[PDB]
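Asks: enclosed are the sequence and the experimentally obtained structure.
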Amino acid sequence: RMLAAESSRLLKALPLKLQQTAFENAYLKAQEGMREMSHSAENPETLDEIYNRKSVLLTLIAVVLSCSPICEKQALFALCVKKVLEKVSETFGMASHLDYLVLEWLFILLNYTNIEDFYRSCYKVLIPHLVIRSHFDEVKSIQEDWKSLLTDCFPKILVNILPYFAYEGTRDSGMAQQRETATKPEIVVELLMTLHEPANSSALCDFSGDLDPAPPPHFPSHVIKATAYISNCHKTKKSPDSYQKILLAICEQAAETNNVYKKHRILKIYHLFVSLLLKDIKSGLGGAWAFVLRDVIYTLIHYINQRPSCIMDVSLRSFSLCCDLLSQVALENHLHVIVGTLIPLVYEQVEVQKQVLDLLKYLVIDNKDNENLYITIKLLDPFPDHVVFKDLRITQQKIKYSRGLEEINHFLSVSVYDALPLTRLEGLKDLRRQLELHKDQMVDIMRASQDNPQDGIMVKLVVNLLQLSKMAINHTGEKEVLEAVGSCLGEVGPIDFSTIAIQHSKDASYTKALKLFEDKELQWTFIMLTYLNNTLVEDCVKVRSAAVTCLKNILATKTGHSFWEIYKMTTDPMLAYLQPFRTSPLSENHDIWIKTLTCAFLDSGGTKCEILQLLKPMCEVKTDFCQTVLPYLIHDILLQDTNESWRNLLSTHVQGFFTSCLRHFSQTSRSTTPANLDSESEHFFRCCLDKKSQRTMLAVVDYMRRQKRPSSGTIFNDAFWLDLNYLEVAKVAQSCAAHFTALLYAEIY
C-alpha cells in the first residue's frame, strides 16, 4: 500500500514505491520465513525488482550463500500463473524447478514446456514430483490430498514403476514441504576499553539519507551488519513421518526391502548430502535436516537387522560422522546417545571408543543434560559386557570422570584399571594402549606423570634395555606429540611436558612405521593388493562427505575382478565387513600419447607452488592416460576428487604401475619427467614436502618400482624403475634431509 502510495517525486516514488519497497525488502531480508519470494515475485510483478536490486540483494546472497535463497526460494518459487509470475529469473537468475513444477498433473501444463527444454525431461523430473506425488500419494494415505493424489494417480500413465524401483532418490526429502514446510587491564589501558553506554550517548545525511534511500546502501549494510554469539542454538535445536512411513506399503515397505538391499548407503550418503549446505541450520535447515536426520536416524533407527545387514557401521560410521558432525559442534546429539542404545548393535567396536572418545570430547565440556546424556552414554558405557574393549579404551574416562563424574567413569575406569593395578609396562602398555583414538586424549600424561611417579621400573625399563624398541613409546608419545601438532591444545605439549622424565633413552637414531595389518594385508599380492591397500586407502575414507564420492568409485572398485580379489580379500578385513556389506567386472578406456603428460613435468614439477598444483599435475598424472590398471582409472576421477596426495600416494604406485605399464615411455619420459623433480632441486628452488611427496615416489621406486624389471642390485631393478639420479635425489634427499632415506637415497646415490 505505502508502495502503491507511490520525476523527482517518481524518483521519490522510486524511493517511496520502490526504494521503500527495497527498504521493505531489508526486513523480508531481515527476519525469517522471509517469503519475499512472494515479495520478489511482486517485486518483479510490481517491477519493484527492476532496480537490479538483486545486486543490492546480492548482499543478502552474500549474507546467504550465493543464490542460496534463490535456490531456497524454489519452494516458494514453486509456490509462486504464480509461477508465470515466478518466471522472472529463468534466464534472470531449470529442470528440477520443472521437476518441482512437474505437479501440473495432480500435467502437460508442465509437460508442454518440457519439450521447450526437451520432451524426454519426463525422465528428468521423474522422481522429484513423483516424490511430491508420492508425497501426495503418501498424502493420499491421509483426503483432499488424495484428490490431487488421485489426480496424481492419473499422472501414472507413464512407465516409471520400473524407475520406481530406482526410486527413493528423494525418499524422505520432503519431510517439511508436505509436513511443516520450512517450519521455523593495563592493556585495556594500552589497548582499549569497550564503549557501550553513554560513551554511546556521546554520539547531514542529505544526499546521505538520499544515498541511504539511493544505493539502498545502509539497510542491507544494516541487514548485513547484524550478520554475533557462539551459542547452543542447535543444542537448543511436520508429520509426514506417518506419510513417510505410509507409502512404503505401496510396494510393501521396499524401504524395509532396500534397507540392506539398496543398503540405503546412497540414501545414507544422500542423507549426508542432504545435510550439506545449511546455514539455516540453527534450528533450521540443517537443524531441521538434523531433526530430519535425527528422525531419519530415528527412522533408520527402526531396522534391527537389514540396516546392520546393509552394514550397521556403514551406517553407524555415519553416526560417527554424525558424531563427527556432532563433534563438528545438537542436544539432538542425544539421539546418537539414544542410538547408543544400539543393543542389537551390542557387539559394536571402538568406533564406539572413538565415539566414546568423541563422547569424552564433550565430557566436561558438555552441558549438564548433554553431560547427563553423556553420563547416560557413560551409563550406557557402565554396561558390563565386552568390558575389556571398554577397559581398553577406558583410560581417559577416569580423567574424564575425574574432570567431573569424579569416580563415575574413574571407578569404572578404575574398575577397568582394576583389571589389575599393573603399571610399569602395563601403563606403558596402557600407553601402548594409549594408541587408539584422535587428537586429544590428553589424559594419561597425568597418568604418565602418575606413572612417572613410579620410577622404579625405569630399572625395568633399564632392564628392558636388551631390546630394539619401546622407549619409542616415547617416540610414540613423540609421534603422538607430533600427532595433532597443528591441532589445538598445545597443553598437550605441556602434557608432553609430563614426558620430562626423559632424555635418557638409546639404541636408535630415528622413528618407525606401522600397519602390520598392511603387512598382514601384504598377504595380498598384485597391485590389486595395492588396490586392496588402496582399498584401505579407500577404507581410509571412513571419512567424509564429498569425499563421499569415491564410495561409488569404491563400489566401482567393487568390480568382480577386484571383487574377486576382494572376495579373496573378503576373508580377512574388518572394515571390509562394512564394505562388502556396503560395496560388493568393469570397463576400461584408450588413449593416444604416452607423451601426453610429458611437458607437464614442468607442472608435474609442480613448478608453481600449491602442489595441489603438482597434484593437479598429479591429476595430470591421472590425466596422463593409460591403464596398467583400470583400477587405477577406477579412482582416477574420485582420485582427482581425493586428497590428491592420498591419491598421489598411489600415483607413484600408479606411476610404478604406470612405470610397470610404461615400456619405453616413462622409461624415456621419466628420464625427462623425473629429471624435473631432479631439476626441481635446481638453484635451491622452492618445492615442499610434496617435493617430499615427489620424492616419496622414490619409495615406491625404492619399494614398489623397486620391483621394476627386477634386478640384483634392486637398485638395478629400481634403476630399472629409475630415471635414476639419486645423486640428484641426494640433494632432494638432502632437501628431504631425512637421512635414512636420504642416506639410502644417497647410498643409492
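Replies: Structure's in. What do you need? Residues are numbered from 1 along each chain as shown.

Asks: what's the spacing between the closest residue to residue 600 other than its chain neighbours and residue 660?
Replies: Spatially, and ignoring its direct neighbours in sequence, residue 600 is nearest to residue 620 (4.7 Å; CB to CB, 6 or more residues apart in numbering). All C-beta spots, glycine's among them, are computed from the backbone N, C-alpha and C. Going from residue 620 to residue 660 by CB to CB, to the nearest Å gives 19 Å.

Asks: what about residue 370, neighbour count?
Replies: 21 (other CB atoms under 10 Å).

Asks: which positions in the one helix or strand it maps to come out as buried?
Replies: Following DSSP states H and E, one finds residue 370 within helix 368-380. The neighbour-count check on helix 368-380 (16 or more other CB atoms under 10 Å) flags 370-371, 373-378, 380 as buried.

Asks: same check on stretch 656-673?
Replies: Buried residues in stretch 656-673 (16+ other CB under 10 Å): 656-662, 665-667, 669-670, 672-673.

Asks: adding secondary structure, write those residues out as TSV.
Replies: Shown next, in TSV, are the buried residues of stretch 656-673 (DSSP: H, G, I helix; E, B strand; the rest coil):
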residue	secondary structure
656	helix
657	helix
658	helix
659	helix
660	helix
661	helix
662	coil
665	helix
666	helix
667	helix
669	helix
670	helix
672	helix
673	helix
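
Asks: of these, which is the nearest to residue 255?
Replies: Nearest to residue 255, judged by CB to CB, of the buried residues of stretch 656-673 is residue 657 at 41.8 Å.

Asks: just to revisit the earlier point, mind checking how far the residue nearest to residue 600 is from residue 589?
Replies: 17 Å.

Asks: which of these two has more residues huddled nearby?
Replies: Neighbours were counted for residue 620 and for residue 589 using other CB under 10 Å; residue 620 has more, 20 against 10.

Asks: alpha carbons only: can I get the helix or strand containing the more buried one in CSV?
Replies: Residue 620 belongs to helix 612-623 when assigned by DSSP H and E. The C-alpha coordinates for helix 612-623 follow below in CSV (Å, rounded to 0.1, in the frame of the first residue of the first chain):
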residue,chain,number,x,y,z
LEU,A,612,47.8,-29.4,-5.3
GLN,A,613,49.0,-27.8,-8.5
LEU,A,614,51.5,-30.5,-8.7
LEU,A,615,48.6,-32.6,-7.5
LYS,A,616,46.7,-31.1,-10.3
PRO,A,617,49.7,-32.3,-12.1
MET,A,618,49.2,-35.4,-10.1
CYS,A,619,45.7,-35.3,-11.5
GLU,A,620,47.9,-34.6,-14.6
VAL,A,621,49.4,-37.9,-13.8
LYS,A,622,45.9,-39.4,-13.6
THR,A,623,45.3,-37.2,-16.6
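
Asks: what is it packed up against?
Replies: Applying 3 or more CB pairs under 8 Å, 6 or more residues apart in numbering; DSSP states H and E, we find helix 612-623 packed against helix 600-603, helix 630-641, helix 644-661, helix 690-702.

Asks: pick the most buried one from those.
Replies: For the helices and strands packed on helix 612-623, the largest average neighbour count (mean count of other CB atoms under 10 Å) is found in helix 644-661, namely a mean of 25.

Asks: quick check: angle from that one to helix 630-641?
Replies: Here helix 644-661 points in a direction 150 degrees away from that of helix 630-641 (axes from the mean of the first three to the mean of the last three CA atoms, to 10 degrees).

Asks: orientation of helix 644-661 relative to helix 690-702 in degrees?
Replies: In terms of direction (the same axes, to 10 degrees), helix 644-661 departs from helix 690-702 by 40 degrees.

Asks: just the CA trace of helix 644-661, in PDB.
Replies: Extracted C-alpha coordinates of helix 644-661, given in PDB (Å, rounded to 0.1, in the frame of the first residue of the first chain):
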ATOM      1  CA  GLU A 644      45.400 -35.900  -4.100                       C
ATOM      2  CA  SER A 645      48.400 -36.900  -2.100                       C
ATOM      3  CA  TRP A 646      46.300 -39.500  -0.600                       C
ATOM      4  CA  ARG A 647      45.600 -40.400  -4.200                       C
ATOM      5  CA  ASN A 648      49.000 -39.300  -5.300                       C
ATOM      6  CA  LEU A 649      50.400 -41.700  -2.800                       C
ATOM      7  CA  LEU A 650      49.200 -44.400  -5.100                       C
ATOM      8  CA  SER A 651      50.100 -42.200  -8.000                       C
ATOM      9  CA  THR A 652      53.600 -43.400  -7.500                       C
ATOM     10  CA  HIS A 653      52.300 -47.000  -7.200                       C
ATOM     11  CA  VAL A 654      50.200 -46.000 -10.100                       C
ATOM     12  CA  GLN A 655      53.300 -44.400 -11.600                       C
ATOM     13  CA  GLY A 656      55.000 -47.600 -10.600                       C
ATOM     14  CA  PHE A 657      52.200 -49.400 -12.200                       C
ATOM     15  CA  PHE A 658      52.400 -46.800 -14.900                       C
ATOM     16  CA  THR A 659      56.100 -47.500 -14.900                       C
ATOM     17  CA  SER A 660      55.000 -51.100 -14.900                       C
ATOM     18  CA  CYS A 661      52.800 -50.000 -17.700                       C
END
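
Asks: which residues outside that helix are in contact with it?
Replies: If you take CB atoms under 8 Å, 6 or more residues apart in numbering as the criterion, helix 644-661 is touched by 527, 530, 534, 537, 540, 612, 615-616, 618-619, 621-622, 624, 626-629, 632, 635, 639-640, 666-667, 670, 690, 693, 696-697, 699-701, 704-705, 707-708, 721.

Asks: from the centroid of this protein, which residue is nearest?
Replies: Nearest to the geometric centre of the chain sits residue 544, at 2.6 Å (CA atoms, centre = their mean).
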